[PDB]
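Asker: this one's a deposited entry, sequence included:
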Amino acid sequence: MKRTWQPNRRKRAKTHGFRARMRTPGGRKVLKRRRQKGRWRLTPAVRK
Amino acid sequence: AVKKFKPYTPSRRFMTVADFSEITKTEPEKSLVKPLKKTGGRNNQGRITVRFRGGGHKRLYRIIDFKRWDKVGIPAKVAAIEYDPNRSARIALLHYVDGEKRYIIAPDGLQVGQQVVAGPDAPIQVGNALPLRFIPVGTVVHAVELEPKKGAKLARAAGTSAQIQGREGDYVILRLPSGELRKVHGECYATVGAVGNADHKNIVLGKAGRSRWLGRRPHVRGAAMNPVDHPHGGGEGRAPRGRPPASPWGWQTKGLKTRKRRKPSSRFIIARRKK
RNA sequence: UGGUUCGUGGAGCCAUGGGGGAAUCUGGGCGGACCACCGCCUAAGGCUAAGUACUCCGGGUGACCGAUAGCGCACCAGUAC
RNA sequence: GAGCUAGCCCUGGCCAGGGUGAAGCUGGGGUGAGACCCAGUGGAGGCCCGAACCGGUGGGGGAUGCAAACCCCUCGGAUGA
RNA sequence: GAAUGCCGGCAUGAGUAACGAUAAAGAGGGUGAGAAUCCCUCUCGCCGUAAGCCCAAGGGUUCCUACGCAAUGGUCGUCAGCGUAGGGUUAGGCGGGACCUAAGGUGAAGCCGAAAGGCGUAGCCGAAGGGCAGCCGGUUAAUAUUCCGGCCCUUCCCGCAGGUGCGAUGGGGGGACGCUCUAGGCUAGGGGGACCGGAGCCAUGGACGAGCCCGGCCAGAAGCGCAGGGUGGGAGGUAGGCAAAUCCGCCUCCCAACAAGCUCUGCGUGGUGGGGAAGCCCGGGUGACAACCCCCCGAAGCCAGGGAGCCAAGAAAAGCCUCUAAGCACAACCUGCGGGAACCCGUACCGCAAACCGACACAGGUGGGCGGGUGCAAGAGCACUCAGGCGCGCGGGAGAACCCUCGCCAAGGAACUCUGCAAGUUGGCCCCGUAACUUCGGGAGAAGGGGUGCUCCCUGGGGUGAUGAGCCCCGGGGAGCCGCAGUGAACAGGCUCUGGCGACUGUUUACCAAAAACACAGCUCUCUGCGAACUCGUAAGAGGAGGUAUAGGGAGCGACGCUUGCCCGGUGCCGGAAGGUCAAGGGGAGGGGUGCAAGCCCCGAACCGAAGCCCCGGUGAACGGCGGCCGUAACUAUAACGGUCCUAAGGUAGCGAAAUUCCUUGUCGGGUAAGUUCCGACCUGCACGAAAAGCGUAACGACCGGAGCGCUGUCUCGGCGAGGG
RNA sequence: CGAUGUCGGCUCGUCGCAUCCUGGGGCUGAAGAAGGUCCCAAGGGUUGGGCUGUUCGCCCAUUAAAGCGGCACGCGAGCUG
RNA sequence: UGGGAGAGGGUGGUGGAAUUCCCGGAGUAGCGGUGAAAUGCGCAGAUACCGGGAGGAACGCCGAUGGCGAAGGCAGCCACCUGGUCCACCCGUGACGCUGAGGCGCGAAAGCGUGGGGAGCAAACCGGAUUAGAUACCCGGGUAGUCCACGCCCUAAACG
RNA sequence: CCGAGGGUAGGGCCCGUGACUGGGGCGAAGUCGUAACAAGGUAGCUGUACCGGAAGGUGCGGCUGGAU
RNA sequence: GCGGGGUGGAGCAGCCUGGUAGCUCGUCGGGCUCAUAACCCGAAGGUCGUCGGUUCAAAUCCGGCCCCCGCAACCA
Ligand SMILES: [Mg+2]
Ligand SMILES: [Mg+2]
Ligand SMILES: [Mg+2]
Ligand SMILES: [Mg+2]
Ligand SMILES: [Mg+2]
Ligand SMILES: [Mg+2]
Ligand SMILES: [Mg+2]
Ligand SMILES: [Mg+2]
Ligand SMILES: [Mg+2]
Ligand SMILES: [Mg+2]
Ligand SMILES: [Mg+2]
Ligand SMILES: [Mg+2]
Ligand SMILES: [Mg+2]
Ligand SMILES: [Mg+2]
Ligand SMILES: [Mg+2]
Ligand SMILES: [Mg+2]
Ligand SMILES: [Mg+2]
Ligand SMILES: [Mg+2]
Ligand SMILES: [Mg+2]
Ligand SMILES: [Mg+2]
Ligand SMILES: [Mg+2]
Ligand SMILES: [Mg+2]
Ligand SMILES: [Mg+2]
Ligand SMILES: [Mg+2]
Ligand SMILES: [Mg+2]
Ligand SMILES: [Mg+2]
Ligand SMILES: [Mg+2]
Ligand SMILES: [Mg+2]
Ligand SMILES: [Mg+2]
Ligand SMILES: [Mg+2]
Ligand SMILES: [Mg+2]
Ligand SMILES: [Mg+2]
Ligand SMILES: [Mg+2]
Ligand SMILES: [Mg+2]
Ligand SMILES: [Mg+2]
Ligand SMILES: [Mg+2]
Ligand SMILES: [Mg+2]
Ligand SMILES: [Mg+2]
Ligand SMILES: [Mg+2]
Ligand SMILES: [Mg+2]
Ligand SMILES: [Mg+2]
Ligand SMILES: [Mg+2]
Ligand SMILES: [Mg+2]
Ligand SMILES: [Mg+2]
Ligand SMILES: [Mg+2]
Ligand SMILES: [Mg+2]
Ligand SMILES: [Mg+2]
Ligand SMILES: [Mg+2]
Ligand SMILES: [Mg+2]
Ligand SMILES: [Mg+2]
Ligand SMILES: [Mg+2]
Ligand SMILES: [Mg+2]
Ligand SMILES: [Mg+2]
Ligand SMILES: [Mg+2]
Ligand SMILES: [Mg+2]
Ligand SMILES: [Mg+2]
Ligand SMILES: [Mg+2]
Ligand SMILES: [Mg+2]
Ligand SMILES: [Mg+2]
Ligand SMILES: [Mg+2]
Ligand SMILES: [Mg+2]
Ligand SMILES: [Mg+2]
Ligand SMILES: [Mg+2]
Ligand SMILES: [Mg+2]
Ligand SMILES: [Mg+2]
Ligand SMILES: [Mg+2]
Ligand SMILES: [Mg+2]
Ligand SMILES: [Mg+2]
Ligand SMILES: [Mg+2]
Ligand SMILES: [Mg+2]
Ligand SMILES: [Mg+2]
Ligand SMILES: [Mg+2]
Ligand SMILES: [Mg+2]
Ligand SMILES: [Mg+2]
Ligand SMILES: [Mg+2]
Ligand SMILES: [Mg+2]
Ligand SMILES: [Mg+2]
Ligand SMILES: [Mg+2]
Ligand SMILES: [Mg+2]
Ligand SMILES: [Mg+2]
Ligand SMILES: [Mg+2]
Ligand SMILES: [Mg+2]
Ligand SMILES: [Mg+2]
Ligand SMILES: [Mg+2]
Ligand SMILES: [Mg+2]
Ligand SMILES: [Mg+2]
Ligand SMILES: [Mg+2]
Ligand SMILES: [Mg+2]
Ligand SMILES: [Mg+2]
Ligand SMILES: [Mg+2]
Ligand SMILES: [Mg+2]
Ligand SMILES: [Mg+2]
Ligand SMILES: [Mg+2]
Ligand SMILES: [Mg+2]
Ligand SMILES: [Mg+2]
Ligand SMILES: [Mg+2]
Ligand SMILES: [Mg+2]
Ligand SMILES: [Mg+2]
Ligand SMILES: [Mg+2]
Ligand SMILES: [Mg+2]
Ligand SMILES: [Mg+2]
Ligand SMILES: [Mg+2]
Ligand SMILES: [Mg+2]
Ligand SMILES: [Mg+2]
Ligand SMILES: [Mg+2]
Ligand SMILES: [Mg+2]
Ligand SMILES: [Mg+2]
Ligand SMILES: [Mg+2]
Ligand SMILES: [Mg+2]
Ligand SMILES: [Mg+2]
Ligand SMILES: [Mg+2]
Ligand SMILES: [Mg+2]
Ligand SMILES: [Mg+2]
Ligand SMILES: [Mg+2]
Ligand SMILES: [Mg+2]
Ligand SMILES: [Mg+2]
Ligand SMILES: [Mg+2]
Ligand SMILES: [Mg+2]
Ligand SMILES: [Mg+2]
Ligand SMILES: [Mg+2]
Ligand SMILES: [Mg+2]
Ligand SMILES: [Mg+2]
Ligand SMILES: [Mg+2]
Ligand SMILES: [Mg+2]
Ligand SMILES: [Mg+2]
Ligand SMILES: [Mg+2]
Ligand SMILES: [Mg+2]
Ligand SMILES: [Mg+2]
Ligand SMILES: [Mg+2]
Ligand SMILES: [Mg+2]
Ligand SMILES: [Mg+2]
Ligand SMILES: [Mg+2]
Ligand SMILES: [Mg+2]
Ligand SMILES: [Mg+2]
Ligand SMILES: [Mg+2]
Ligand SMILES: [Mg+2]
Ligand SMILES: [Mg+2]
Ligand SMILES: [Mg+2]
Ligand SMILES: [Mg+2]
Ligand SMILES: [Mg+2]
Ligand SMILES: [Mg+2]
Ligand SMILES: [Mg+2]
Ligand SMILES: [Mg+2]
Ligand SMILES: [Mg+2]
Ligand SMILES: [Mg+2]
Ligand SMILES: [Mg+2]
Ligand SMILES: [Mg+2]
Ligand SMILES: [Mg+2]
Ligand SMILES: [Mg+2]
Ligand SMILES: [Mg+2]
Ligand SMILES: [Mg+2]
Ligand SMILES: [Mg+2]
Ligand SMILES: [Mg+2]
Ligand SMILES: [Mg+2]
Ligand SMILES: [Mg+2]
Ligand SMILES: [Mg+2]
Ligand SMILES: [Mg+2]
Ligand SMILES: [Mg+2]
Ligand SMILES: [Mg+2]
Ligand SMILES: [Mg+2]
Ligand SMILES: [Mg+2]
Ligand SMILES: [Mg+2]
Ligand SMILES: [Mg+2]
Ligand SMILES: [Mg+2]
Ligand SMILES: [Mg+2]
Ligand SMILES: [Mg+2]
Ligand SMILES: [Mg+2]
Ligand SMILES: [Mg+2]
Ligand SMILES: [Mg+2]
Ligand SMILES: [Mg+2]
Ligand SMILES: [Mg+2]
Ligand SMILES: [Mg+2]
Ligand SMILES: [Mg+2]
Ligand SMILES: [Mg+2]
Ligand SMILES: [Mg+2]
Ligand SMILES: [Mg+2]
Ligand SMILES: [Mg+2]
Ligand SMILES: [Mg+2]
Ligand SMILES: [Mg+2]
Ligand SMILES: [Mg+2]
Ligand SMILES: [Mg+2]
Ligand SMILES: [Mg+2]
Ligand SMILES: [Mg+2]
Ligand SMILES: [Mg+2]
Ligand SMILES: [Mg+2]
Ligand SMILES: [Mg+2]
Ligand SMILES: [Mg+2]
Ligand SMILES: [Mg+2]
Ligand SMILES: [Mg+2]
Ligand SMILES: [Mg+2]
Ligand SMILES: [Mg+2]
Ligand SMILES: [Mg+2]
Ligand SMILES: [Mg+2]
Ligand SMILES: [Mg+2]
Ligand SMILES: [Mg+2]
Ligand SMILES: [Mg+2]
Ligand SMILES: [Mg+2]
Ligand SMILES: [Mg+2]
Ligand SMILES: [Mg+2]
Ligand SMILES: [Mg+2]
Ligand SMILES: [Mg+2]
Ligand SMILES: [Mg+2]
Ligand SMILES: [Mg+2]
Ligand SMILES: [Mg+2]
Ligand SMILES: [Mg+2]
Ligand SMILES: [Mg+2]
Ligand SMILES: [Mg+2]
Ligand SMILES: [Mg+2]
Ligand SMILES: [Mg+2]
Ligand SMILES: [Mg+2]
Ligand SMILES: [Mg+2]
Ligand SMILES: [Mg+2]
Ligand SMILES: [Mg+2]
Ligand SMILES: [Mg+2]
Ligand SMILES: [Mg+2]
Ligand SMILES: [Mg+2]
Ligand SMILES: [Mg+2]
Ligand SMILES: [Mg+2]
Ligand SMILES: [Mg+2]
Ligand SMILES: [Mg+2]
Ligand SMILES: [Mg+2]
Ligand SMILES: [Mg+2]
Ligand SMILES: [Mg+2]
Ligand SMILES: [Mg+2]
Ligand SMILES: [Mg+2]
Ligand SMILES: [Mg+2]
Ligand SMILES: [Mg+2]
Ligand SMILES: [Mg+2]
Ligand SMILES: [Mg+2]
Ligand SMILES: [Mg+2]
Ligand SMILES: [Mg+2]
Ligand SMILES: [Mg+2]
């Protein structure tokens, strides 16, 4: 039956994207934390 | 009239529809329509702020003229009477000699082909608009402004009408369709006659679906919910109210008056509605 | 109403949201309700090193660890997953 | 976090075939005029049967499954909320 | 040494379950160290409204080839979506962008918020909507509407020529719209041909035949033809379309009007270019100078923005045409022609799936288009079959119990069991024929029954033709033939009687409950005069609603019919300018601290002083409530009647052992041989009762009872057989 | 209580004997036939139905008889529900 | 042909008296009701009085022992639309007549459906009295209904 | 072929009977009240509507077959 | 189990606060009437369910016992 992951790139980018993160005070902090931790990818990679 | 159906389905047995006899034009004046932004009952927060709304037929909003003192002294011909889905009343297409076309709410008796006009000099005849002060006391009237140059606010629904009861100073005394006695300003415009389509109230929707067409989603009783959802919620088996009957938000709903007491417009209401 | 050790207490002091509302050294604040006396101080403008805190970074040193320990990672780890 | 799920908004798409035959309209009868009746035409409907499609009634199987909700038979809706 | 401790290693169960749909395999040849599993051939089976084909998501090199088999593959492996390497995606016309807007998002102006931030007309962004110019074939191991070939087209720049008051983010027109049903004419696609072309074949008893088998098209500018769409022309006035306007709108007149004309599209033809089978022979060669024709069926697609009807009344903006303003009229724009110019991204491959979502090469899920033939009334149903694709990545045996899925059964026929659970029966179509009741629609496919194939003859009507031939469609009437059996296989209701509950179609606990629950039309109460009530938010702002009492919110009830009694003491709500209580504040009789003093400071009685509460009244489709004891009638029994106490008033109609009845399997009647169930009654109703509605009600229900007929392995009562284990 | 699954049915039994039947006896208010009552005896037997979830019980039709109890009110890694 | 009388019928307007409610003034100790009382209303200002407003219903005098209509029935006033009828003239038609099973229409009051309206009155209902009881008669309240529209019902001491 | 009739199925009319139930008639020596006849103690009767242990009451309109 | 009652013939007060048994009805006597109902005037009848106890004295306070009313009897 229909499971929970139904990929959609526009949705993916418009949600967890870089610009989305930068727009909100909460999201900017995500990027701060991820950088501080040293994540290789601050934001979900998506092929546009 | 209202049109009955034969009972060839369980619903058509009781369903009744408007007769549409007064309609002469089944197409809206293109330059007078704009898209109607449906809401679903949700505000600018996306939050439902009026429950049980949505899924109705798509509508095109007709631009109606509720000022009419806008074009004093310039007569107009009644070109057509049309269906308007955004109101209970019918609407009239006015072709001004001016060359301008505008919609008004169609009064009862208004004939296609006849001529009407707004202004202090207007003949007291169906479809004319005048300040209240220049209208004979006792004549019935609709589409009444509440304050000068602010637009027709009163008596707009199908079959409704206000009536002038007398004069007092700058103000005149109207008996609103609810029976409330109120002082309205003399300079407030109004259109003589009663609103048409008075048969509107005798329509029997006939089935669940018809309310859905009208954008009215199912309404759920408090008694059929749970204690989280509603004051009337819960109880093993069926249950009475067990408290004074209330809205989902807690306030009492049988009898409890709600008009703000210290309201400035209190000075102008003479007799709150009957019955 | 907050702040002070002060939780309405005899509750001053410092601060101020509302109302009222002065004076210029014979002016004003303070010394724990208030008054007198005796003293202290100069509100409603601003700046000011050093002594003080911290450790991403560099170095020195361990009755500190020695690959299940010591940082999550001695190794291509905030990786694989 | 509404890429699952619920509701709503915008914009598109889908519903084999068969069946029943509302109003209306036309003609005839009827009457003072009518109501009305009859035939034809007509093609209405949260109407009927039944695929797609949406479901999930009963039973059997499955139960370290093919599957963390599946399979077979049967069954509900299918121009409409 | 224990914490169902933590991390790791290794055991046990055990050579055990399992190896993922029961569509299915068999042989020969080849390769190789090794072959049921890789390649080739033949035979066999499965899919075919797909298990075939083409898009879009999503995946991201999985595509093609060479060389490999450690691991991955549920076995094997020489094979592979696996390892290594090399190659492969070509666009002015396809899709997106350099175009437009939709919800929404963002946001000059402006508004709000301790901070972060929240709003917000314009504008901007935002598409699977609008707009917009490429069709057929060929070619590669692998790309093609992209390269090539043929034939067409679009914009931009510039120049020439003819033309005109040219010029816009501004005005106007247009774009521009629903659901259902539908006309004419076409096309896609299909069937047949005694006609045309074709390698061939004559078997096994017959046929050298009007024999069999195969194929008889595709694209195409202008012109034209057929069919549709769109559209009146002229003049005068003009105060409206936030400037202007010759445009548009409005008024008057003249000519035209189911004509045309003008214009746009579809289809046909069309210079020209393409393709072109069976079979044979090693993807190709040949067939072949291939033929390329007539008839019929015919769309849900096209002409289209067509037509009719209906109510629930059915986007926007740009491109486009027209108008004029600044401006400028050496400009500028339009029309025709010519040359030049024409950018960025995608394009491989899988795509109902072994490449996507499900940890798996997972019997699950995934949107759009194509989807052939015959027969069965129709069809996208069902059976077989074309093209194409497959036989599902363990096999070989054996023929126990037992299991699953299936077939049949003597006599009986529900005796099974909580229950006919399950499996039988019934089954499509035509005709005949159908009851109570009913809201007159229905109930109804009620029930029940007859027919059903093939053959010859006679005949009726329609379509296409022509009015005829042929072809296709719908029939009717005779006489016959065979079988146990003619919807001969497959797909396809068992029926009736009678209660409860819910009017009804619908909705619901994704994953133990689909129902009597929710919703539902409809009835009633109540709130709301509009900056409405109400809801969300601290606010701004929103929704309500661009609505206005025939409207909007809350609540209860739940189609419809006949009805809905009595109680306002208590609670609530509504009304009540009196009176009572009443906080801050006002007022300051009087009292106190202090000082030599003026003075400063504290307390403080009377009286004034809101809402709310008290108090008076109303109110039930407001919250709710709706009695006790004792006696009495020509025999008993019961009690119409009476006495008395209490209450705010003591349950009216109707219903009643009930979805409610404890005693209870109440009593009586029906049905049965036998009835704790069921139905009809009775009424001492433990403990029904009138919008948490009372009593009924046709139709409806995968709801829950009872009964009968039909028929059956449910059973007496088991047996045999099949296939997967 | 870091789980001993709980009524009834089905299936399969096995034991006890305080014996329902059949076998053997004594007494009888035992004429006979048939009963009553007690003693011995566990070898075998102990039916089909209607009602209800029922065990139980009532009822139908028969019968030699239609026995009562134990086995976690025997039996759910055996089924039902 | 010419003339008359009449609450005959239908639609639309419209006039005053009165009852009720509401607003203002003024005013105070009761008012109301009955056989007599009480319930009720009133110092929270009633009754009685003056002014204003609102709304519904019925039309006093004329009015009659009258008129009109087939019956039911019809009454302020105006206008329109319309039926029946009588008289005079003795002009026209030439028996075209009478009755009438069915049929069709009309049909007071109450009653029903849908929607208005609602002053007075008033079934039901509540209270106060009377009474042995009083589910009545009398009194204080009071909802349907009485009024309008459209559609039903079709009864009667629909009687002379 | 038709055909007595037999069989299956569904209808129609009639008769008998049925727990229980509705009123009706008679019986009469019971019970409760007194509705009608006089102005019957509220004139009666009436169609209709609602109500009440029961006669009945009341509303609305009608009749005199009403005393004074 | 918890609460509440038993008083002239019927139905209710009196009990809490000890002394002091009351109201309506019925009953008997007498009026009015032909008689009857109604009505009027008079009168009778309860040792307080019992047995015990506290007190000077108990319908009254307390305890035992009988009887009647109401509520409860759940998870199981
Ligand atoms: Mg999706
Ligand atoms: Mg993905
Ligand atoms: Mg996307
Ligand atoms: Mg997308
Ligand atoms: Mg983003
Ligand atoms: Mg990096
Ligand atoms: Mg990572
Ligand atoms: Mg991130
Ligand atoms: Mg109308
Ligand atoms: Mg109808
Ligand atoms: Mg109809
Ligand atoms: Mg009709
Ligand atoms: Mg129907
Ligand atoms: Mg129905
Ligand atoms: Mg309408
Ligand atoms: Mg409508
Ligand atoms: Mg209509
Ligand atoms: Mg209309
Ligand atoms: Mg439209
Ligand atoms: Mg527009
Ligand atoms: Mg709008
Ligand atoms: Mg809007
Ligand atoms: Mg928004
Ligand atoms: Mg938000
Ligand atoms: Mg938001
Ligand atoms: Mg709301
Ligand atoms: Mg809503
Ligand atoms: Mg309208
Ligand atoms: Mg309505
Ligand atoms: Mg209504
Ligand atoms: Mg709508
Ligand atoms: Mg509603
Ligand atoms: Mg509801
Ligand atoms: Mg619930
Ligand atoms: Mg919640
Ligand atoms: Mg809570
Ligand atoms: Mg709550
Ligand atoms: Mg509740
Ligand atoms: Mg509940
Ligand atoms: Mg409850
Ligand atoms: Mg509940
Ligand atoms: Mg419960
Ligand atoms: Mg309950
Ligand atoms: Mg409930
Ligand atoms: Mg319910
Ligand atoms: Mg409750
Ligand atoms: Mg309550
Ligand atoms: Mg105002
Ligand atoms: Mg202290
Ligand atoms: Mg302090
Ligand atoms: Mg301050
Ligand atoms: Mg000083
Ligand atoms: Mg000083
Ligand atoms: Mg200070
Ligand atoms: Mg100090
Ligand atoms: Mg100091
Ligand atoms: Mg220094
Ligand atoms: Mg410093
Ligand atoms: Mg060490
Ligand atoms: Mg290590
Ligand atoms: Mg480590
Ligand atoms: Mg480190
Ligand atoms: Mg490590
Ligand atoms: Mg969603
Ligand atoms: Mg969803
Ligand atoms: Mg027809
Ligand atoms: Mg028509
Ligand atoms: Mg149809
Ligand atoms: Mg249907
Ligand atoms: Mg169906
Ligand atoms: Mg199922
Ligand atoms: Mg089954
Ligand atoms: Mg089975
Ligand atoms: Mg199972
Ligand atoms: Mg399945
Ligand atoms: Mg299935
Ligand atoms: Mg459908
Ligand atoms: Mg269909
Ligand atoms: Mg539709
Ligand atoms: Mg439907
Ligand atoms: Mg130890
Ligand atoms: Mg463990
Ligand atoms: Mg363990
Ligand atoms: Mg084993
Ligand atoms: Mg398997
Ligand atoms: Mg199978
Ligand atoms: Mg092999
Ligand atoms: Mg091998
Ligand atoms: Mg096929
Ligand atoms: Mg992947
Ligand atoms: Mg490729
Ligand atoms: Mg390998
Ligand atoms: Mg290998
Ligand atoms: Mg190997
Ligand atoms: Mg492997
Ligand atoms: Mg392997
Ligand atoms: Mg595997
Ligand atoms: Mg290569
Ligand atoms: Mg090209
Ligand atoms: Mg550019
Ligand atoms: Mg844009
Ligand atoms: Mg686009
Ligand atoms: Mg394009
Ligand atoms: Mg483009
Ligand atoms: Mg082309
Ligand atoms: Mg030129
Ligand atoms: Mg030009
Ligand atoms: Mg439009
Ligand atoms: Mg569109
Ligand atoms: Mg064909
Ligand atoms: Mg072709
Ligand atoms: Mg043509
Ligand atoms: Mg002009
Ligand atoms: Mg050649
Ligand atoms: Mg040739
Ligand atoms: Mg179609
Ligand atoms: Mg059209
Ligand atoms: Mg827009
Ligand atoms: Mg560029
Ligand atoms: Mg490509
Ligand atoms: Mg699939
Ligand atoms: Mg999984
Ligand atoms: Mg596989
Ligand atoms: Mg078939
Ligand atoms: Mg078929
Ligand atoms: Mg099928
Ligand atoms: Mg296979
Ligand atoms: Mg396999
Ligand atoms: Mg058998
Ligand atoms: Mg049978
Ligand atoms: Mg049988
Ligand atoms: Mg059953
Ligand atoms: Mg069949
Ligand atoms: Mg029947
Ligand atoms: Mg019928
Ligand atoms: Mg049949
Ligand atoms: Mg044959
Ligand atoms: Mg089959
Ligand atoms: Mg069927
Ligand atoms: Mg049936
Ligand atoms: Mg029952
Ligand atoms: Mg029912
Ligand atoms: Mg239902
Ligand atoms: Mg339900
Ligand atoms: Mg319903
Ligand atoms: Mg329903
Ligand atoms: Mg449906
Ligand atoms: Mg569920
Ligand atoms: Mg659940
Ligand atoms: Mg869940
Ligand atoms: Mg779950
Ligand atoms: Mg769950
Ligand atoms: Mg379920
Ligand atoms: Mg269901
Ligand atoms: Mg419901
Ligand atoms: Mg109703
Ligand atoms: Mg809020
Ligand atoms: Mg706002
Ligand atoms: Mg708004
Ligand atoms: Mg709005
Ligand atoms: Mg509104
Ligand atoms: Mg409901
Ligand atoms: Mg009250
Ligand atoms: Mg009450
Ligand atoms: Mg309460
Ligand atoms: Mg006073
Ligand atoms: Mg006061
Ligand atoms: Mg003083
Ligand atoms: Mg109460
Ligand atoms: Mg209640
Ligand atoms: Mg009272
Ligand atoms: Mg009552
Ligand atoms: Mg009973
Ligand atoms: Mg019973
Ligand atoms: Mg019942
Ligand atoms: Mg129940
Ligand atoms: Mg009960
Ligand atoms: Mg009980
Ligand atoms: Mg019982
Ligand atoms: Mg019971
Ligand atoms: Mg018994
Ligand atoms: Mg019995
Ligand atoms: Mg009884
Ligand atoms: Mg309720
Ligand atoms: Mg109720
Ligand atoms: Mg019922
Ligand atoms: Mg009925
Ligand atoms: Mg159901
Ligand atoms: Mg068997
Ligand atoms: Mg077999
Ligand atoms: Mg076998
Ligand atoms: Mg086998
Ligand atoms: Mg335990
Ligand atoms: Mg354990
Ligand atoms: Mg013997
Ligand atoms: Mg003997
Ligand atoms: Mg034995
Ligand atoms: Mg033994
Ligand atoms: Mg029993
Ligand atoms: Mg015997
Ligand atoms: Mg047991
Ligand atoms: Mg046992
Ligand atoms: Mg079990
Ligand atoms: Mg068991
Ligand atoms: Mg066991
Ligand atoms: Mg057991
Ligand atoms: Mg159960
Ligand atoms: Mg008179
Ligand atoms: Mg003569
Ligand atoms: Mg009448
Ligand atoms: Mg009525
Ligand atoms: Mg009234
Ligand atoms: Mg009495
Ligand atoms: Mg009533
Ligand atoms: Mg009524
Ligand atoms: Mg009369
Ligand atoms: Mg008379
Ligand atoms: Mg007469
Ligand atoms: Mg015979
Ligand atoms: Mg009388
Ligand atoms: Mg009398
Ligand atoms: Mg009398
Ligand atoms: Mg009585
Ligand atoms: Mg009465
Ligand atoms: Mg007389
Ligand atoms: Mg006790
Ligand atoms: Mg006492
Ligand atoms: Mg005393
Ligand atoms: Mg003593
Ligand atoms: Mg004593
Ligand atoms: Mg004493
Ligand atoms: Mg509990």
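Answerer: Received the coordinates, thanks. Residues are numbered from 1 along each chain as shown, chains lettered A, B, ... in the order given. Ligands and ions are numbered 1, 2, ... in the order given.
Asker: does the closest residue to residue B:7 other than its chain neighbours belong to a helix or a strand, and which?
Answerer: Leaving aside its sequence neighbours, residue B:7 sits nearest to residue B:13 (Cβ to Cβ, 6 or more residues apart in numbering or on different chains; 3.5 Å). Yep, even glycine has a C-beta here, placed from its N, CA and C like the rest. Assigned by DSSP states H and E, residue B:13 falls within no helix or strand.
Asker: what about residue B:13, distance to ligand 39?
Answerer: 32 Å (Cβ to the ion, to the nearest Å).
Asker: so what's that residue up against?
Answerer: B:5, B:7, B:206 (Cβ atoms under 8 Å, 6 or more residues apart in numbering or on different chains).
Asker: same deal with residue A:30?
Answerer: residue A:21.
Asker: looks to me like it is in a strand.
Answerer: No. Per DSSP: H, G, I helix; E, B strand; the rest coil, residue A:30 lies outside any strand segment and is helix.
Asker: contacting residues around the residue nearest in space to the middle of chain A?
Answerer: Among the residues of chain A, the one closest to the centroid is residue A:16, at 2.6 Å (Cα atoms, centre = their mean). Applying Cβ under 8 Å, 6+ apart, we find residue A:16 in contact with A:43, A:44.
Asker: kindly report the same for residue B:211.
Answerer: Counting by Cβ under 8 Å, 6+ apart, residue B:211 has contacts residue B:205.
Asker: how about residue B:156?
Answerer: B:87, B:89, B:105, B:142, B:143, B:195.
Asker: what about it, distance to residue B:145?
Answerer: 11 Å (Cβ to Cβ, to the nearest Å).
Asker: likewise for residue B:8?
Answerer: Taken as Cβ to Cβ, the span from residue B:8 to residue B:145 is 48 Å.
Asker: who has more neighbours out of these two?
Answerer: A count of neighbours by other Cβ atoms under 10 Å in any protein chain shown puts residue B:145 above the other of residue B:8 and residue B:145, at 24 against 8.
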